[PDB]
């Protein structure tokens, strides 16, 4: 089968209106919450909206059997104040993902957002993690820039600021899916910030002692590692002047295949090997447009991997399901 490990929830419109409300009253109305029926959630999983077809129908047309759906990361406003609106909105997004996956278990698998408030100690997400574990969540999006390209930065991923999280992720044996959220920059909007932050997080993890101290830490890097597989040479060369090679740590990482050109998919898989690649597409999303040359949808990239003549059937099965089954502890 084909399990897509990088998907984002198609939610009822009421969720985003709840965000607007929280930002309007900033808590003076109390927490409240999203009021939507199961019917409305299911219908949201079918609504066309801005995509060529519905979420479910698109996955069906592309042969994707199941998909791990997480929050749409650029809505999560990790730099917004006050902090409690960040926490509340994260919790409600997670609740809605849980409801949708319970209503549509034949396709959708839950992955959780973290209520990362810029500047707060990472411990402040543990409670929500616990709530999500009980609800059956299979992973967590880890944002390396809760400041959302502001004037300040979070510590690098090798800083012990993040160590309490790694510990917990190993106790649960659940993965962190690197994903930045929004960006306050006029130069670098969110979709490009994703790439730069993936590059930075990978670099941090591959030039620190994280994997010495948490050898079972499972990390999936979004969008084929940002820039790293393409730029691996300079970083390996510079890592020679040190006690560990960049590739030494990088061999511990997993990467999803959210890349919309055959050449990039080929380079990713040849660089890290099928043992460390998990099929992903972000369909529906950035890539849900039609290539005017072929008429196909750009995020319908499974056939590119299925036709690579340098991968065995075992390697393609690793990429399409087994790696996801292990990393996300899927039933």
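Positions refer to the first chain, counted from 1.
Comparing 42-50 with 22-30, the higher mean C-alpha B-factor in the PDB entry belongs to 42-50. On average the C-alpha atoms of 237-245 have higher B-factors than those of the other stretch, with 76-84 and 237-245 being the two compared. Remark: residue 137 belongs to the middle third of its chain, ranked by C-alpha B-factor as recorded. Sort the chain's modelled residues by C-alpha temperature factor and residue 198 lands in the lowest third, per the entry. When all modelled residues of the chain are sorted by CA temperature factor, residue 255 is found within the lowest third. Ranked by Cα temperature factor within the chain, residue 190 sits in the middle third according to the deposited record. Residue 318 sits in the highest third of its chain by CA B factor, as recorded in the PDB entry.
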